[PDB]
Asker: 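One structure is given below, represented as structure tokens, and several questions about it will come after.
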2 protein chains.
Amino acid sequence: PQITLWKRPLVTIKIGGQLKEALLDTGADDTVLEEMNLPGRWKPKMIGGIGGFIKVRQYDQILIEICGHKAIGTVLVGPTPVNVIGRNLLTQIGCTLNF
Amino acid sequence: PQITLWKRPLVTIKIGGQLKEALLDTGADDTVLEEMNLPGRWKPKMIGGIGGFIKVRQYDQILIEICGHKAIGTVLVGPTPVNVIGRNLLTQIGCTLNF
Ligand SMILES: CC(C)CN(C[C@@H](O)[C@H](Cc1ccccc1)NC(=O)O[C@H]1CO[C@H]2OCC[C@H]21)S(=O)(=O)c1ccc(N)cc1
């Protein structure tokens with residue numbers, strides 16, 4: 001589809017057998033999701049933006065479905081104010097910016 | 001143009017007669033630039049990101065050219081980790097997400 005930017009580009013995703021809402025975020029290097037109890041091992045990481053850094057748990061090779069498009073890759077989990085699908089997964093669904 | 005997301009969607013912008021590099025950021029409502037001298041009146045404001053809130057100077061109705069596309073709108077100046085072009089200007093240059 002085509003998504004205009006009048007409002008936040010929020011879409012439904014499916015991750016770990018759960019449905020959530022997330023932003024399609026071209027400004028996010030990596031996908032970051034609200035606190036959720038995913039199984040498997042993980043690695044500590046800190047990610048920075050406006051306001052400073054938050055601590056997140058890095059899970060690798062996580063399957064996510066974004067508008068029926070499947071992708072699998074890194075998912076960071078932590079106390080983020082919003083769920084963002086970052087470029088690491090946006091590339092996998094064929095997402096481009098166009099003007 | 002059509003911009004893929006294998007690397008950061010960085011573009012050259014012109015603001016206040018100066019060239020700068022900036023990130024096309026669909027997850028940003030607003031446009032936030034690093035500390036710089038901008039001609040015009042400004043008001044102090046707060047803006048919140050992934051790591052908390054920062055103090056910015058709000059400049060209204062500023063001319064800004066993004067990759068050869070003119071916009072006139074609000075620009076926030078403050079200690080952002082990187083220059084981000086948010087939706088308030090992305091809409092003006094006709095930017096959409098497509099997949
Ligand atoms: C600042 C960017 C270079 C990086 N950010 C993505 C960006 O889209 C955030 C994503 C975002 C969105 C909402 C809340 C927090 C973070 N937007 C943002 O900070 O925008 C602010 C300016 O406009 C306002 O509108 C939203 C917040 C304000 S980030 O959230 O900090 C981030 C950093 C690293 C990763 N892997 C993922 C995300």
Side-chain angles (χ1 to χ4, degrees), chain A residues 1-42 45-51 53-62 64-99, chain B residues 1-9 23-32 47-53 82 84-99:
Chain A
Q2 176 168 287
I3 300 172
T4 59
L5 300 171
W6 292 118
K7 63 183 192 181
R8 295 191 171 194
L10 289 165
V11 296
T12 309
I13 66 170
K14 172 168 57 175
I15 170 161
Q18 275 194 314
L19 296 186
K20 304 182 171 300
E21 299 286 286
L23 291 181
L24 303 179
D25 190 355
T26 62
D29 290 338
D30 287 298
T31 300
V32 191
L33 299 182
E34 62 179 284
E35 178 54 48
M36 70 187 302
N37 191 40
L38 288 175
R41 292 191 57 183
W42 51 271
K45 190 179 187 183
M46 269 168 90
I47 58 171
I50 289 168
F53 287 72
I54 60 166
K55 191 172 85 167
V56 298
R57 304 192 303 279
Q58 170 179 343
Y59 298 85
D60 299 318
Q61 293 304 110
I62 300 293
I64 295 184
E65 188 175 293
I66 303 149
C67 291
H69 297 68
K70 292 184 174 53
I72 172 161
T74 295
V75 176
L76 311 176
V77 177
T80 176
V82 294
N83 300 336
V84 300
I85 307 304
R87 294 187 295 101
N88 74 308
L89 303 182
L90 294 172
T91 54
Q92 295 186 35
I93 66 172
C95 187
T96 55
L97 287 165
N98 296 272
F99 58 100
Chain B
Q2 179 171 77
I3 302 177
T4 58
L5 300 167
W6 306 101
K7 46 217 304 179
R8 292 202 182 203
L23 184 37
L24 307 178
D25 188 349
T26 57
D29 302 341
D30 305 309
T31 292
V32 190
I47 199 86
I50 199 171
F53 286 72
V82 62
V84 297
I85 307 302
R87 291 187 296 100
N88 71 309
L89 300 185
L90 296 173
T91 55
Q92 289 199 24
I93 62 170
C95 190
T96 59
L97 286 166
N98 302 88
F99 56 100

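No hydrogens, no waters, no symmetry mates; every other heavy atom, side chains included, goes into these values. By convention in this document, chain letters (A, B, ...) are assigned in the order of the sequence lines, proteins followed by strands, and residues within each chain are numbered from 1.
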Asker: Where do A/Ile72 and A/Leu89 come nearest, in terms of heavy atoms and distance?
Answerer: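 That would be C-CD2, 4.1 Å.
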Asker: Anything under 30° is parallel, anything over 60° is perpendicular, the rest tilted; go ahead and classify B/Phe99 against A/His69.
Answerer: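 Plane angle over 60°, so perpendicular.
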Asker: Is it true that B/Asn98 and A/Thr96 share a donor-acceptor pair across their side chains at a distance under 3.5 Å?
Answerer: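 Distance-only check fails for A/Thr96 and B/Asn98.
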Asker: Check whether any side-chain heavy atom of B/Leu23 sits under 4.5 Å from a side-chain heavy atom of B/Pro9, and report yes or no.
Answerer: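 Yes, at least one pair of side-chain atoms sits under 4.5 Å.
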Asker: How many angstroms lie between atom NZ of A/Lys55 and atom CG of A/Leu76, to the nearest 0.5 angstrom?
Answerer: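 Rounded to the nearest 0.5 Å, the NZ-CG separation comes out at 13.5 Å.
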Asker: Just wondering, do A/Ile3 and A/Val11 contact through their side chains at under 4.5 Å, heavy atoms?
Answerer: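 With C-beta onward as the side chain, the pair touches.
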Asker: Looking only at heavy atoms, what is the nearest atom pair of A/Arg41 and A/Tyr59, with distance?
Answerer: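 Taking every non-hydrogen atom into account, O-CD2, 3.4 Å.
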Asker: With a 4.5 Å cut-off on side-chain heavy atoms, are A/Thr80 and A/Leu33 touching?
Answerer: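 A/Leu33 vs A/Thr80: side chains apart.
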Asker: If you take all heavy atoms of A/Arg87 and B/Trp6, which pair is closest and at what distance?
Answerer: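 Here A/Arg87 and B/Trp6 meet closest at NH1-O, 3.3 Å.
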Asker: Main chain of A/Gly86, side chain of A/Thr31: is a donor-acceptor contact present, judged purely on distance under 3.5 Å?
Answerer: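 Confirmed, A/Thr31 side chain pairs with A/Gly86 backbone.
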Asker: Would you say A/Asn88's side chain and A/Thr74's backbone share a donor-acceptor pair under 3.5 angstrom?
Answerer: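 Yes: the side chain of A/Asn88 pairs with the backbone of A/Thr74.
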Asker: In sequence, state the C-alpha distance, the side-chain angles, and the governing distance for A/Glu35 and A/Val77, and then conclude on side-chain contact (heavy atoms from CB on, under 4.5 Å).
Answerer: CA-CA 6 Å; A/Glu35 178 54 48; A/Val77 177; 4.1 Å; yes
Asker: Write out all pairs satisfying salt bridge (charged side-chain N to carboxylate O under 4.0 Å, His left out) with one or both partners inside residues 89-99 of chain A, taking only residues at least two apart or from two chains.
Answerer: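 Sorted result for residues 89-99 of chain A: empty, none.
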Asker: Suppose we screen for side chain to side chain contact (heavy atoms under 4.5 Å, CB included). Which residues come up paired with A/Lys20, at least two apart in sequence or across chains?
Answerer: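 With neighbours one apart ignored, the set is A/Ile13, A/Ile15, A/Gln18, A/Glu34, A/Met36, A/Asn83.
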Asker: Just do the side-chain contact (heavy atoms from CB on, under 4.5 Å) check on A/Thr12 and A/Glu21 with the steps written out, would you?
Answerer: CA-CA 5 Å; A/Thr12 309; A/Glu21 299 286 286; 2.5 Å; yes
Asker: Considering all heavy atoms of both residues, which atom of A/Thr26 and which atom of B/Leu24 are nearest to each other, and what is their separation?
Answerer: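 So the minimum-distance heavy-atom pair works out to OG1-O, 2.7 Å.
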Asker: Just so I know, are the side chains of A/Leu97 and B/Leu97 near enough to count as touching, which here means a heavy-atom distance under 4.5 Å?
Answerer: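 Side chain of A/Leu97 against side chain of B/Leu97, heavy atoms only: contact under 4.5 Å found.
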Asker: Quick check for you: to the nearest 0.5 Å, what is the distance between A/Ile47 atom CD1 and A/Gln58 atom CD?
Answerer: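 Nearest 0.5 Å value for the CD1-CD distance: 10.5 Å.
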Asker: Checking B/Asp30 now: which residues fulfil salt bridge (charged side-chain N to carboxylate O under 4.0 Å, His left out) with it, not counting sequence neighbours?
Answerer: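 Per chain and number, B/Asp30 pairs via salt bridge (charged side-chain N to carboxylate O under 4.0 Å, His left out) with no residue.
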Asker: Would you name the heavy atoms of B/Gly48 and A/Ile50 that are closest together and state the gap between them?
Answerer: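 In this case the closest contact between B/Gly48 and A/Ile50 is C-CG2, 4.2 Å.
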Asker: Can you find a pair of side-chain heavy atoms, one from A/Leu90 and one from A/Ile66, that are under 4.5 Å apart?
Answerer: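 Side chain of A/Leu90 against side chain of A/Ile66, heavy atoms only: no contact under 4.5 Å found.
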Asker: Nearest 0.5 angstrom please: A/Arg57 CZ to A/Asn37 CG, how far?
Answerer: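 Rounded to the nearest 0.5 Å, the CZ-CG separation comes out at 7.0 Å.
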Asker: Can you name the closest pair of heavy atoms from B/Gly49 and A/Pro81 and give their distance?
Answerer: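 That would be O-CG, 4.0 Å.
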Asker: Determine yes or no for a side-chain-to-main-chain donor-acceptor pair under 3.5 angstrom, with A/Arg8 supplying the side chain and B/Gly27 the backbone.
Answerer: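 Not a single qualifying donor-acceptor pair exists.
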